[PDB]
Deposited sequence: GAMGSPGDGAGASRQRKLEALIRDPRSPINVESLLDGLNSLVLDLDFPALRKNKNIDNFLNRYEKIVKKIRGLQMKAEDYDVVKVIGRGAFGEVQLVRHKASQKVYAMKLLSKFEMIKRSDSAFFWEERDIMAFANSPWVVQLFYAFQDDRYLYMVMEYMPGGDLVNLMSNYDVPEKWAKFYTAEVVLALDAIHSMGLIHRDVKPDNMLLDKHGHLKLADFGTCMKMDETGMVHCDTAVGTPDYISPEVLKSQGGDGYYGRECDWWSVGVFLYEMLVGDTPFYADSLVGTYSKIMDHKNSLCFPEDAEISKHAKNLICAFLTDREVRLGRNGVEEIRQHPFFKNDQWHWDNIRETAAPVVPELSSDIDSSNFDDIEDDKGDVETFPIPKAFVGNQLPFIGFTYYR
């Protein structure tokens, strides 16, 4: 009992689209689509529409069954909360079936909608899923329920560079290492056509062996064909943010990847001096000092810093037009600050890190400080609060 052939040449084009993992219409995305449509229609008021009631009668049963079968939060044991953003918490979890340990980031759907900002998490997902770089925290799974986005990542038990800097006086030998690793990480992000915009020590995590990976790509943007972005997109606390990005908040200015090299300058200063170069008691105080960097930047005479370290910091902390890294990473790598006997640029990540964490087990979270509501209103009309999250689901 065979079919008469037609729509075979479409079935091949479609199976190709569906099987591409970086395609908007893979199978997980089409399932997200049906799940989201049911969540946004199943309210008592909307169901007085016959079209909606008929559709939900036909699909609500099979959609609850599917939700049972696909990856969910209940599949993980929460060992401990190791971070709490405004977005949601980061949890040290163990997958029940495999007994493997991960970090799981929760993003509140309600918080992203309520504060008009529900598109930043796409680049985070895509960088961590597809970077395939030793310098980028790896995404294994992304899934969602009606309340949360979940991202399951490799656990980084070394903690962040904030925690390191507050536990050690960092000598130049160490500062060389971490600065070099940050420069290679950012070069990897830039090579994928992205600028970070808010590089800080909180975004720099250490792995089991004490080597650096970038996490938190919430602020990342694709460069256009010219290597620039022309936007006014909002950033948070200004301590590590470049003048050109701070100015762009006032309305569309232009910046490129050299804004990330500014941040390396601030980082290197903080490591060697013990405070950020434009620290003030208020946000507006820090903003003011950053815009006035030509005057406001000065090293304490009591900090005592090599000629080469001071030269590199000052080469980063200038206007974008003349900033070190404007002409590519090559001129950064050949800066004399990075001359050393311990590592080369080609092999740094397989040399001994300055701080190798002492871990007792696979759930040791001693390099993280301790840590111990909210909904969508029931709509009267279709508003599609689940529509922005169609295509988030991803399985390695």
Deposited-sequence ranges lacking CA coordinates, in order, are 1 to 4, 377 to 381
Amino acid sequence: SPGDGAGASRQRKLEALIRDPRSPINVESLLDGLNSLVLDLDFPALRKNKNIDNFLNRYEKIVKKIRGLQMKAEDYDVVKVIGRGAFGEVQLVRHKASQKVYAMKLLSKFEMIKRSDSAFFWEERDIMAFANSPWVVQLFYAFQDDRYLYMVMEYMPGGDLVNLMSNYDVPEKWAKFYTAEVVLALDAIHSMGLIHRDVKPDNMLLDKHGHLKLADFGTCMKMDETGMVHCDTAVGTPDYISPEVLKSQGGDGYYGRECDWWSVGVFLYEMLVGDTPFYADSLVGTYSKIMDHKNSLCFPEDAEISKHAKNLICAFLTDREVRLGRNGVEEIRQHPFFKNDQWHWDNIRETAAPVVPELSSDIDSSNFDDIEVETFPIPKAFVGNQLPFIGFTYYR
From here on, numbers count along this sequence of modelled residues.
Tell me which stretch, 336 to 344 or 355 to 363, has the higher mean Cα B-factor listed in the entry. 336 to 344
Out of 220 to 228 and 177 to 185, which stretch has the higher average CA B-factor listed in the record? 220 to 228
Highest CA temperature factor in the entry: which of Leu46, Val38, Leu69, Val27? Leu46
Compare the CA B factors listed in the entry for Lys307, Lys289, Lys105, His190 and report the winner. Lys307
Where does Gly250 sit by CA temperature factor within its chain: lowest, middle or highest third? middle
Where the record places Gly384 (Cα B-factor, split into thirds across the chain): middle
Within-chain third of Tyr279 by Cα B-factor, per the entry: middle
Where does the C-alpha B-factor of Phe316 rank in its chain, lowest, middle or highest third? middle
Ranking every modelled residue in this chain by its Cα temperature factor as given in the entry, which third contains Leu31? lowest
